[PDB]
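Structure first, commentary second.
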Amino acid sequence: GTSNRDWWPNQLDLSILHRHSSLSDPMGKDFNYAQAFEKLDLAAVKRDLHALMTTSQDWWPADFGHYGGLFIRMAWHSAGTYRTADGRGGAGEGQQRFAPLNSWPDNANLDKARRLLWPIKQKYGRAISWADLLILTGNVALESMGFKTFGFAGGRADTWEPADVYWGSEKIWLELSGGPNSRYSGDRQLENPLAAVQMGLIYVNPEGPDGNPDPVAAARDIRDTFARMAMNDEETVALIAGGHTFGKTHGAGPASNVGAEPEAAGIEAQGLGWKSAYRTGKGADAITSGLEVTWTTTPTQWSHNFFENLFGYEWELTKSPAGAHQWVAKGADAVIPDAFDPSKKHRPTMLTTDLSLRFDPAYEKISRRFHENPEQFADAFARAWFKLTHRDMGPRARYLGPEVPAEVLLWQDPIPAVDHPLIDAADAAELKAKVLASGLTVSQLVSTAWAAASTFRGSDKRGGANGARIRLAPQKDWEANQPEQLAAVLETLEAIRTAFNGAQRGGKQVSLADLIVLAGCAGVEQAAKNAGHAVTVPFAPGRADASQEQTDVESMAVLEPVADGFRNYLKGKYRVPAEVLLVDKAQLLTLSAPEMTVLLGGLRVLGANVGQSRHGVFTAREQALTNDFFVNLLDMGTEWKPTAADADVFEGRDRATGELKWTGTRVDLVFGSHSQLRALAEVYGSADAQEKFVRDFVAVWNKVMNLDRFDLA
Amino acid sequence: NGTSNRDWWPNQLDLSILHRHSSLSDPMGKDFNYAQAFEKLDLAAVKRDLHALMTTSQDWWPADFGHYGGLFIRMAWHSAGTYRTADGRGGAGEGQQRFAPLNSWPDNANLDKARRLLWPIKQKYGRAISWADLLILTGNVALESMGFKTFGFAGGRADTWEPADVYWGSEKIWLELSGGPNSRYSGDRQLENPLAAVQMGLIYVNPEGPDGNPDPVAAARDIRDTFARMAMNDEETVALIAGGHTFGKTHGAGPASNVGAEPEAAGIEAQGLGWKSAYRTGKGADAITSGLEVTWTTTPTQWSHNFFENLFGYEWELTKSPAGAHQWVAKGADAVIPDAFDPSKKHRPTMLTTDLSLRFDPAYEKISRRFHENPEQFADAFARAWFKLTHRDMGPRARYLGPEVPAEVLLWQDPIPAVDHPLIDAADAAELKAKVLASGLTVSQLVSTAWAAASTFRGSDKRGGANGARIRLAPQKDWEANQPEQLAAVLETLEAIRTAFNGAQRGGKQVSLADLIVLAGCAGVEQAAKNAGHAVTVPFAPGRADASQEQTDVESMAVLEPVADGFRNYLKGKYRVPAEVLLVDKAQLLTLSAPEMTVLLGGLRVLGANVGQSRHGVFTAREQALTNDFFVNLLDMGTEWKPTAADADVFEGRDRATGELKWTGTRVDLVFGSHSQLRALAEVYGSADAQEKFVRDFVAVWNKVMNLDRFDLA
Ligand code: HEM
Ligand code: HEM
Ligand code: NA
Ligand code: NA
């Protein structure tokens, strides 16, 4: 059947904002995963997982009699889709069980691994999510094989539909770079927000870049992709060598023997795929990647044999039985066990990408340190494995269960504990009046609180106003945050704070994080009063203030808003139209289309635009909270045309006289163009809508202010 | 553009249709009730404002003849005109003309203008009048302004907030003529169900003639077919076409190549409008809409009997408009038709091919002549047909709101008689459930009968459902999916219970068969829970009434026959669309989400609801017990599944280790173990902590289905 996307393939896509509705969720509206998980007998689950490890199923027999390498790969791929650019991907939603990830070529045969876990999932039901179970299974694999993990936290609630993630524009799986939808340009520059070299890969190609078996060039791709997943060189080496201490690859025959991926497979395959016609199609005959490498002499036991082999041999370029490029140790004896025939041994083998860890000079230094000092290796891998598998989990307040590591890690964006009584409702009223008596304006207050709170992204639960990181580097100097204006606001609020905190008894104090948000709340109430309407904006205390030393400035970079349509801001010129970036921002903020619409129309009239731009400020009562954005946008008495200077800026003129009334950007005018968004704008621009507009604006503002408040969850 | 799952797997089933229209996309609060808003609207004030608008010409789209009435009648007829009786989809009832694709169909060109003219009134009255109501009300006021007395009007069409998911065809080219790679025609001009238009982007037919051939006789065939697929017979069809074309004009002042992008394709600066034209002033006298240039009557802004005087009073010659389209001009006629803008110009009478159909098709000619000779008959038929057109998708009369609702009950409304007696109470319900369970009717029989009765409902046009007890009447009683012999036996037993209970009452209390069928079904579900060891309560609301055969139009009922009902593992024949797609379509008509579809189907399988007692998907050894066995067995990896060599749509589930046959299933059964989203939902209900959740969710969805048509309780 032909669909709107067929007819109008470039039209904006709002359905990404309405995913994850109560309609698609099988759990009741009142289900709380954390409450379920907190009563799970986690130790029982781990005993069942430990037993599974060596309980082979004949439909996918265990290599070496142990599923631990398969499950480590499964967990690494669950986490391994994460990109720092947008926070999207990662293990936190269990999306490996849905399309497309369940059918990526790099996820081949992980369908088998997840099917092996259905009995346990069935047994414990809603008390352990698939998302949590994939990671826990990887940890138990590690522990069953003699590796001491760093810990584990539960709390990843399951999702029920595919996420809407941009994974690239190629139309062919695994397409090599330089096609019509190439994700590379320039001198091998990978397009943001992507963090993989080919469509359907986790990070890099195991043969080498676009299949060229050069370990030195492959290392460049490794470094780039892993940095786009928030991993540095030490962590990268630790992870790759750690993982490839275990198990094996599968390439026993030609790939043409492997059939349809799960989403393409017949109904009878019951959710599995990659059925293979090569011999038995499984076990000793399995084909996954097409490579046939076994790294260590004890694939089912932690060891330091990976680096012993890597540095103890020179390596020769060869082909697997499927024709893939891979490496074999020169002159070596047959010392590696076969996965099924106890009478057969094999030479040491390596991937191109493994040899990267010796042949890239910076990696070699780390690898040599880890080979000489395997205890350093083990501790770096434990820490990296916990970061890999937790990087999208959000604040430590979300971590559940008895195995949470106590050590606070800089990458967690930690927030200090609160050790003092909080302000009450009368205190909050006192502080709102003091803020308004200071002379800070509605625009100042709104804009500051907006800046602080709107760094949140629901993709990885980073950002938000908790921490008061807006006062620290690098947030205080981001262009969108108007650094000179911001510093003046913060100085005034810090003086209010000092004065209130100095008058208290009992140890009650207010943090700057809370006062920044409360102050914005006062600005919204004041704006409403300027419009002739008394409203109270909700406020929940309990945010704390992080220090500079507790803030990783490099990792915070990815949270800079380079496009924030809510402030009519674009840092530079992008290929993607500004309205598309607005809906992307809205999705990261967890807003629906109605919420996005009200929020933006209110922010325009409040003075939230960066630089005090008049674009979209369709009011003569700026700093009053009215629906004037919508009534003026929708007025057919005004005609709009792009300016000669800038096609992305439009003038609104009176249709009869030509007199200039307004200017606006694409982000402003989309609300009067897109048929769905216009329908929303009409509700808030109707003559009965003043009360509704204010109430819904207050509700969405409070939602934004609370996005990172998992202490209140 | 970014690659999507639909790009990778373009045939994989689409569940998002079941989760449209969530609370997320709706700007109104979850407790907004449009009916309550509407009932406090000052409808008379609205109508005065509409009357004023008719002659308030805007310079960006100047009014023909100084009166927007013809544009607004066309706007309202196109709002209603997308309706198809096959699935009940389309029509005016959701205001979908303001969203894609309908807002940009070629046949809806310049109706963007019409809607924009109505924004000030919409703004002024806000939530108290929906767009969907306002489009039809405007059409009514246009007719009244121009001297035609309407049959009435009902409000209550709530607005919707995103595009509906309707199959409009498979063509990938607007307006494609027939016989292409995605043709909606095969055979001897057989239009594919559920479609009710000849070309992609048309309302019904091509005004030049079939595939552009200007033959009024063959055009008539397309008209009859498409109109019938919109629930309209010959009398109604002639009344509507001639009634409509009593007003206004078409627009074709220059070549079509002058007309730019439709609204969904236009630039942001167009602010939601489209079809900007570079021909002269682009508007008014110079307007280009269809490409045809026809004005039917000597008074295009006043109700008249001139359409049929012209149609029969002249012989007609084939000509071309200024844009090159085929149309007809009256041979020898004087210039008697006014110009829309220049008082000094007059024009000869002109007609479309499809208008000439009403004279050259022999059946239509007889009706046309009758209307020409008896203009009061014409007026009354058009009034009634205009009301039907604009209300056919509104559902039971209980939904109709406001002071202008016609009192007359019309057959097409599938009327249900008023209840005029006390209803059964809770003690009575318990007494009747006990009687039913003591009769020896089985769980299977009770569940199946109530399912059959209630699951005819479809939310597209709000037809069907268990109210009325139409399952006992023709044609429902004879539908294959309803198991006519079994059904007769059940109905005879329930009628005997009914008669015995009703005969013992005082005070006028009685129970309808419609309620008893539903109550008996509830008792079946209760019994099945008991058989599983579980206490359970199934909610029941009395108040259904029994309709008569005479209140039940058998031909209109035919389109409600389930030819595919995955919930009973039924498919009447072989179809091109795979059975699991048909299941999701049926769930959409039933208003079910994916979790509800899932739980419902797995429970109905174990209760014995399958047609013919088929064992397909009956994955239990305790049939007639309400358990989650369907899910636990479907998900057991100890079973391997393969299609049979006899029928590739039937699968055998064998023990993986022995080969022993354990079960058989269809595509509708197995999709729950294959589709990645459906399987996720099956896993919840197949978990060891899920038995009570399954029962409680099943009871809820069952009750939901039993009450779908209960707009008396709304
Ligand atoms: C440059 C990065 C990496 C590359 C190119 C890569 C590549 C691959 C490939 C091609 C396979 C074989 C799949 C198959 O045929 O079955 C595989 C297996 C595996 N990988 Fe990696 N890998 C990378 C990093 C990792 C990381 C970070 C971990 C975990 C910490 C990991 C753990 C594993 C394990 C445990 C296996 C064995 C699976 C089994 O025994 O079934 N790898 N790797
Ligand atoms: C066989 C069925 C029909 C066909 C092929 C048809 C075709 C058309 C076409 C091509 C136009 C010209 C559009 C333009 O260029 O502006 C039009 C105009 C119009 N039609 Fe029909 N029509 C049909 C039935 C209807 C019905 C059922 C009604 C309403 C009861 C209706 C009412 C109108 C009116 C009032 C106009 C004039 C619009 C104006 O003045 O702007 N027509 N029709
Ligand atoms: Na994420
Ligand atoms: Na409909």
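The chains referred to below are lettered A, B, ... by the order of the sequence lines, with proteins before strands, and numbering in each begins at 1.
Not a single donor-acceptor pair under 3.5 Å links the side chain of B/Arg470 to the backbone N or O of B/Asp546. The backbone N or O of B/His21 lies less than 3.5 Å from a partner atom in the side chain of B/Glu162, making a donor-acceptor pair. Checking side-chain atoms of B/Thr160 against main-chain N and O of B/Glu94 turns up a donor-acceptor pair under 3.5 Å. Of the possible donor and acceptor atoms, none in the side chain of B/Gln691 sits under 3.5 Å from a partner among the backbone N and O of B/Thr627. B/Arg20 contributes no side-chain N or O that, together with a main-chain N or O of B/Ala164, makes up a donor-acceptor pair within less than 3.5 Å. Listed for the B/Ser448 side chain is no donor-acceptor partner under 3.5 Å among the backbone atoms of B/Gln445. B/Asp393 places a side-chain N or O within 3.5 Å of a backbone atom of B/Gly93 that can act as its donor or acceptor partner.
Between B/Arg384 and B/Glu408, some side-chain heavy-atom pair lies under the 4.5 Å cut-off. Residues A/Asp25 and B/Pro595 form no side-chain contact, since every pair of their non-hydrogen atoms from C-beta on lies 4.5 Å or further apart. Under the 4.5 Å side-chain criterion, counting only non-hydrogen atoms from C-beta, B/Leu487 is in contact with B/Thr449. Two residues are said to be in side-chain contact when any heavy atoms from C-beta on lie closer than 4.5 Å; B/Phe694 and B/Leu626 meet this criterion. B/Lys462 places a side-chain heavy atom less than 4.5 Å from the side chain of B/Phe457. Side chains of B/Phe567 and B/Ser455 form no contact here, defined as non-hydrogen atoms less than 4.5 Å apart.
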Report the C-alpha separation of B/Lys530 and B/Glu526 in whole Å, then their side-chain angles, then the decisive distance to 0.1 Å, and conclude whether the salt bridge (charged side-chain N to carboxylate O under 4.0 Å, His left out) test is met.
CA-CA 6 Å; B/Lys530 186 179 184 186; B/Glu526 290 179 353; over 6 Å; no

Does the pair B/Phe672 and B/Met597 meet the rule for a side-chain contact (heavy atoms from CB on, under 4.5 Å), with working shown?
CA-CA 10 Å; B/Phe672 290 91; B/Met597 168 181 73; 4.3 Å; yes

Could you go through B/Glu495 and B/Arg472, starting from their C-alpha distance and side-chain angles, then the distance that decides it, and tell me whether this counts as salt bridge (charged side-chain N to carboxylate O under 4.0 Å, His left out)?
CA-CA 10 Å; B/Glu495 283 158 1; B/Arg472 80 200 196 283; 5.4 Å; no

Audit row: A/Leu23, B/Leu18, side-chain contact (heavy atoms from CB on, under 4.5 Å) steps and yes/no
CA-CA 8 Å; A/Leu23 293 180; B/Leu18 313 180; over 6 Å; no

Please report the C-alpha distance between B/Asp87 and B/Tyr167 in whole Å, then the side-chain angles of each, then the deciding distance to 0.1 Å, and finally whether the side-chain contact (heavy atoms from CB on, under 4.5 Å) criterion is met.
CA-CA 10 Å; B/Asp87 59 1; B/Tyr167 176 68; over 6 Å; no

side-chain contact (heavy atoms from CB on, under 4.5 Å) for B/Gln510 and B/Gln505? Distances and angles first, verdict last.
CA-CA 7 Å; B/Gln510 56 166 281; B/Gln505 294 315 298; 6.0 Å; no

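A distance of 10.0 Å separates OG1 of B/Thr456 from CH2 of B/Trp451, quoted to the nearest 0.5 Å. Summarising the geometry, atom CG belonging to B/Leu583 is positioned 9.5 Å from atom CG belonging to B/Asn569; distances are rounded to the nearest 0.5 Å.
Shown here for B/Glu480 and B/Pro484, the closest heavy-atom pair between the two residues is O-CD, 4.0 Å. Taking every heavy atom of both residues into account, B/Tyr34 and B/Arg157 meet most closely at CE2-O, 3.8 Å.
The aromatic rings of B/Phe698 and B/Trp702 lie parallel to each other, their planes meeting at an angle below 30°, with 60° marking the opposite boundary. Aromatic ring pairs are classed by plane angle as parallel below 30°, tilted from 30° to 60° and perpendicular above 60°; the pair B/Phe387 and B/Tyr400 is perpendicular.
For the side chain to side chain contact (heavy atoms under 4.5 Å, CB included) criterion with B/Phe540, the lone passing option out of B/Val518, B/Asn703, B/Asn707 is B/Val518.
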